[PDB]
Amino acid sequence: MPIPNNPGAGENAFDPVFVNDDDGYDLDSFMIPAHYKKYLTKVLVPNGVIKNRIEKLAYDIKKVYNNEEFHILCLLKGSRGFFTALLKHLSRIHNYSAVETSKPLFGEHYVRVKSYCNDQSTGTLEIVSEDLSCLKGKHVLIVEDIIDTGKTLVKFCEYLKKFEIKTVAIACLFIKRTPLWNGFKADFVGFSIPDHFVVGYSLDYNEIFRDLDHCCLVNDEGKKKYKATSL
């Protein structure tokens, strides 16, 4: 398979794990921080299934890039867990197969982007400008937590055009089956999830629940309790 370079087309993407509308687990099935329980409906995807899926995504990425140098771009803050697990598994897969004449596989890079207040996009993407000129003529793999509206990645890929990057491919942990979706597709996708606001595995509601290990549905009491005053 060739290195993807049609950002938003997901030209050759394998189907993600399909999480059905009624899939999930009650809150007593797994360890949940006691104070979060009253603000969650259910566990949608446990921590362990997320980790197992990311290991397979790392395998899929290694199969595409083989030994070709690429540059992994973490979209902070929500991608932290996903990015961490991808780095772990890509490094292990690459370094386990390496010989003394091998080379490192990837560089690691960070951009902070922000657009949500409560459970809704403001429709403006804030980007913390660190000079990405070092990615000129490089293969770039964007690592993102979730595609929902598709506004973050459409706007971020437009921003990247100025740096004359060789290829842009997208790895995304979750894609949401929402009528808000603008059609933006990733090249590597973990899970297709139902239209509910998820929290956990670094995904927040107004900075709450990033530490929750499982992908869970926040209930209306949680949305009310932690509703933003500002922005």
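Numbering starts at 1 and follows the sequence shown.
Here the stretch with the larger average CA B-factor, out of 142 to 150 and 122 to 130, is 122 to 130. According to the PDB record, 155 to 163 carries the higher mean C-alpha B-factor of the two stretches 73 to 81 and 155 to 163. In this PDB entry, the Cα temperature factor of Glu55 sits in the bottom third of its chain's modelled residues, the lowest group. The deposited CA B-factor of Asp213 belongs to the middle third of values across its chain.
Annotation for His94: CA B-factor lies in the middle third of the chain's modelled residues. Among the modelled residues of its chain, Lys103 has a C-alpha B-factor that falls in the highest third, as given in the PDB entry. Ranked against the other modelled residues of its chain, the C-alpha B-factor of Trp181 as given in the entry falls in the highest third.
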